[PDB]
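Heads up, the thing below is written out as structure tokens.
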Amino acid sequence: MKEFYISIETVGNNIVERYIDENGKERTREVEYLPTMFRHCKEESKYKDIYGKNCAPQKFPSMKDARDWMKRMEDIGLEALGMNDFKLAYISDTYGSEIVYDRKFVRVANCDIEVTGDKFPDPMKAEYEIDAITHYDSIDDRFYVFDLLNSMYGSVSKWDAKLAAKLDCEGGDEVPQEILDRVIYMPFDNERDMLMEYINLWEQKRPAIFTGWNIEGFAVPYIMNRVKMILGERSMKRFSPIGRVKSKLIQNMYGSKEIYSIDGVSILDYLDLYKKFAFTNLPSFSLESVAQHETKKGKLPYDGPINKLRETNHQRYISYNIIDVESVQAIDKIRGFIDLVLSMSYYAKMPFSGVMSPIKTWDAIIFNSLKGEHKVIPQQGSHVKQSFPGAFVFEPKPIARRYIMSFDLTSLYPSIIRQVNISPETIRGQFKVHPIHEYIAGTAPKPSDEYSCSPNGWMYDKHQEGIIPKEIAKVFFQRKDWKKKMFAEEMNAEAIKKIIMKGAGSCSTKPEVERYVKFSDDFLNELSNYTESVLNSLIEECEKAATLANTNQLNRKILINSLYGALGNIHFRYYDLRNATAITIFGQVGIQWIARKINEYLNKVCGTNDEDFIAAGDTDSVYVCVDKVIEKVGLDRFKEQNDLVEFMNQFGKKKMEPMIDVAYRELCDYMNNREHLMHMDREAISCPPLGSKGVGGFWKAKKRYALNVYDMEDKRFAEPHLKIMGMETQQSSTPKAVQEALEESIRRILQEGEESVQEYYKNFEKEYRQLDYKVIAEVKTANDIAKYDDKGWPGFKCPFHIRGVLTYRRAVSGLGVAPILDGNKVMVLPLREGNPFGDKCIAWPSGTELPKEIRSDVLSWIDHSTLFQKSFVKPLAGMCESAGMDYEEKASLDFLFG
Amino acid sequence: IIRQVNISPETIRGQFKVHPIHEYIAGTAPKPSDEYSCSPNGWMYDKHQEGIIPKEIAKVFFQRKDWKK
Amino acid sequence: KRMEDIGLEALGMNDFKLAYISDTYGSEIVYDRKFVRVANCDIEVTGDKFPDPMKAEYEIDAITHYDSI
DNA sequence: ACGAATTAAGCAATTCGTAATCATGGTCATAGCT
């Protein structure tokens, strides 16, 4: 295995790096790198930039003098070529060839902390003490758990492993034993020595990647600040291998994100890593929620608040923190993200942290590819941000249209960049711009034959290939090859599993197997003669190859999908208003052209004249097949809903490829581009269940729609799937019971129809009054408790909850209960009219309950209806009127009319 | 206040259990310490020792009060 | 810069102006108002519209300059 | 959301205007009865 680097930093004019040697050990080396730049020259030079002009090289002895030189070219208005960042250049020259790595050697430390405090602990100042630390090391594969007993909040007993092993019935913590065997427990009396030991452990076992759930949001800022304000600045820097740690403040999303940078180790916060590398929009990104959704492992329930949890059940507290760390380890193991980031950083030959910013990775790979072909990259120009039109979202008609077929093209923006060259140097001049209607209707004449054009109106070369589409094509080819290897390994593993089921052989020898290829039938016959142990080992090796294929495949996927985000940023090396506008309007005209063409094609196929059939095609995604094709033929031809789905597939395949083929062929010919790379594919198919009055699919407003999808991307479902977006169901504003009720109502309106919705609404109205008030009342913040109280006078228009606070205060007069303070979360319960309380609402601190003496009275006076019409009746009414339905029975006389 | 609590970047000495202000104003919570000068956000400072900031404050104050007289 | 790159604190004034000031005098400063040259100036420019200091395209018509020494 | 090189007394408070949204009085229009 070749020497691969762990991390790279720059110290002064030198560059230091930690690497894994050829002997499998970690070593640190410092090199006085000598970058070589380039400049525009009049004479010939084999080194050409993307523009093709000659570039004279220039070697430099030091980093600072090179920076001075580029400053000198900057102040004279002369373009200076080469690459600006130098760690990437050092990496490229140091390795050049592709790098082979083993995931075992790189040390990944997965950490979490727990802090107990009355007020919510502040990451920035960290007033409170630290008492629970968990640090999992992969090299040693051990959970170092630092536990502090004697705090300023009261000492507690030790932590017992065998006690935690036992079930909750016996008073334990049900932590699986295999975890405890890998747990090293360190109890500490005072607070300083535990921090010293944590720094010492960090020193002996320096992580290469330091990760954890929301680590950059709490763990790091808290550990750093506590060490700074308890031990001093010198101790805080000991964490950094080169003693260099820095703190920045970012004012995005209410700010308060003191992102800490440690030079020498990579901070790879798992929250955003999962946010951007999973494409899954969970209702809440809490660790418990994601672990439950994916690992299907439930957290042990606990009682009371977190701050008292330490003093109530210390054993439970430490076991919860260890479980948390195990859960983040499990989500990592199943998703396989550390392997992904390793493959990223070693494919693009870049430092680890740069993975977070797509533009850095794209710059790295582009520069490496250009250096492969003796090219030299240009220098980025500093420009202001200018907004350009985004996606022309088709306006939704809020009318239910029963069955719908939704499709969209895969990786549209790279298709734009590839089929029509948008590389920086392929600009051949301006092109006469017409109004958008002329281009969309095809009325405008053909732009040109010599060079291809875009609706922005800039001449793009057809004969000459650019550089950016070259890289996109390379990545696309690699993705296609690795996905083919994925399919080959999948069928190989399936074949070996079938062979094992048929009966394994009696050979314990492991032969060589060619990787990432398709097995032959004779190979399967030979493999059938091996032992079940060796066959299982072969299946395990094939599964590890499949994991490598997963890493590479989704690596290529996300690189492709981040290219466009890279090009749209000013700091990217190839930013241009013209290019981004060209690709965006190209997408817009493409989708609108598809919409109008499918309209006229359905018109000419079904015999309708001037009729409209394109549904609400939000952004690129287009929704078609509203209410015509199925009726034209007849529902009588379907003895089963599955038969209707099969006919759906049949006529979709009949009418999809030639229509879209000729449509996008016309589009590329109109634009006269080098090639066409835009393919449709039926993604989601929704339709009301056969033989039922349910509607299936409706639309409320922009980005608000629910579809009764059946066969999503060629995956037949035994049961309907309610693909819902925009409603209150996924939103967490309403209580979970209300969310379940809303989801059930949606299923009812899309599956069976009116009468069932009516009966469900009636019975839920009947059973709502018996539900707990904790889940069916309001909750709101309370501040400025006085608010010109004036003995119960509202003062400043108490917003229906501070008035309830005043009512609760008046009611509990004489009970001696704790008065309501400023900023407290208070539960509010509207009271029935004419109440002795004197107010049609009451508010008691959230989490607490009204004194049972007065609570019984407030429970007797409740307008369950008010809350019901606020949170539940209004959304149901909006949805039902959005689909031509009525959720309240009218009970007309028509039954006697007939 | 700086001269009284004797607060300065050098004179920090550690932390004590912070009680809410509501029971500090009423004078119900116990004395935070016995050998350190405590500030009611829950901090302690070095007793019988002058920091740089209080010393400069004292000098400027003595000059100002001289001109006052 | 090198000490920052290594990561150890470099103690002392980073600004050398007042460092040289302290090294030069050390003791207290005895000054005199009449020895310090304080100057005031005022400008008037006549033009069709409001003149712009960023452009100064109009001539200067009235100069006045007071000197204290 | 990585631009990357960098910089200079503090906070609590009222009051008014603007933009958004819901409740409603005066008046007009409809109409109905005499």
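Structure above, values below:
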item: Listed residue (A:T134, A:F210, A:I184) projecting farthest to the positive dipole end of region A:90-244, Cβ model; result: A:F210
item: Estimated inter-spin distance, B:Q49 and A:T619, nm [label 7 Å along Cα→Cβ]; result: 6.0
item: Derived scalar couplings ³J(HN,Hα) [region A:835-848; Karplus, 6.51 cos²θ - 1.76 cosθ + 1.60; whole Hz; x for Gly, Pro]; result: 6, x, 4, x, 9, 8, 7, 9, 9, 10, x, 4, x, 9
item: Centre separation in Å (Cα based) which lies between region A:199-225 and region A:828-898; result: 50
item: Gap separating the Cα centres of region A:518-542 and region A:66-81, nearest whole Å; result: 62
item: Cβ-derived FRET efficiency at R0 35 Å, A:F897 paired with A:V605, nearest 0.05; result: 0.30
item: 5 angstrom amide H check on A:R39, placed H, neighbours 5+ away; result: A:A56, A:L81
item: Estimated [θ] at 222 nm from DSSP helical runs (n ≥ 4, -39500 (n - 2.57)) normalised by residues in the protein assembly as shown, nearest 500; result: -11500 deg cm²/dmol
item: Cross-link table A:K87/A:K557; A:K297/A:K766; A:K125/B:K47; A:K64/A:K349; A:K275/A:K485, entries beyond 31 Å C-alpha to C-alpha; result: A:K297/A:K766
item: Region A:606-742 - percent relative contact order, Cα under 8 Å, separation 6 or more; result: 13
item: In sequence order, calculated HN-Hα J values of region B:45-59 (Karplus, 6.51, -1.76, 1.60; Hz; x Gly/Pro); result: 9, 5, 6, 6, 6, 9, x, 5, 4, x, 5, 4, 4, 4, 4
item: Ratio of the Cα radius of gyration of region A:356-399 to 2.2 N^0.38 Å, where N counts its residues; result: 2.02
item: ³J(HN,Hα) computed for each position of region A:570-578 - Karplus, 6.51 cos²θ - 1.76 cosθ + 1.60, integer Hz, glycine/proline x; result: 5, 6, 5, 5, 10, 6, 6, 4, 4
item: Dipole in debye (nearest 20) - the protein assembly as shown, about Cα centre, beta carbon charges: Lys, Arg +1; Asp, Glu -1; result: 1040
item: Largest-first principal axis extents, alpha carbons of the protein assembly as shown, Å; result: 107, 96, 95
item: Dipole moment magnitude, nearest 20 debye, region A:101-144 about Cα centre, only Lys, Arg, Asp, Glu C-beta charged; result: 300
item: Cα Rg over Rh - region A:111-205, Kirkwood; result: 0.99
item: Dipole in debye (nearest 20) - region A:1-57, about Cα centre, beta carbon charges: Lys, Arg +1; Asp, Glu -1; result: 300
item: Residue order, fewest to most beta carbons within 10 Å, for A:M885, A:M1, A:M405; result: A:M1, A:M885, A:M405
item: Test item: A:6-14 mean partner chain Cβ contacts at 10 Å; result: 2
item: Amide H contacts under 5 Å for A:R402, placed H, 5+ residues apart; result: A:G697
item: When each of A:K299/A:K736; A:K715/A:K736; A:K774/B:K17 is checked by Cα-Cα distance, pairs over 24 Å; result: A:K715/A:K736; A:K774/B:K17
item: Within region A:1-36: backbone nitrogen closer than 17 Å to the A:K59 label point (7 Å, Cα to C-beta); result: A:32-36
item: Violating pairs (Cα-Cα greater than 22 angstrom) within the set A:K371/A:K474; A:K385/A:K700; A:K700/A:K723; A:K119/A:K308; A:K780/A:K874; result: A:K385/A:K700
item: Positive-end residue of A:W69, A:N225, A:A291, charge dipole of chain A with Cβ unit charges; result: A:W69
item: Relative compactness, region A:1-86, computed as alpha-carbon Rg over 2.2 N^0.38 Å; result: 1.40
item: Relative contact order for chain C, counting Cα pairs under 8 Å that sit 6 or more residues apart, in percent; result: 30
item: Farthest toward positive dipole pole in the protein assembly as shown [+1 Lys/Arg, -1 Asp/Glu at C-beta], among A:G878, A:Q430, B:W43; result: A:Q430
item: Region A:292-356 and region B:36-63: distance between their alpha carbon centers, rounded to Å; result: 45
item: 5 angstrom amide H check on A:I842, placed H, neighbours 5+ away; result: A:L829, A:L831
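We did not get these values from a lab; they are worked out from the coordinates using the rules stated. No Cβ is skipped: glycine too gets one built from the backbone with ideal geometry, and neighbour counts run over all protein chains shown.
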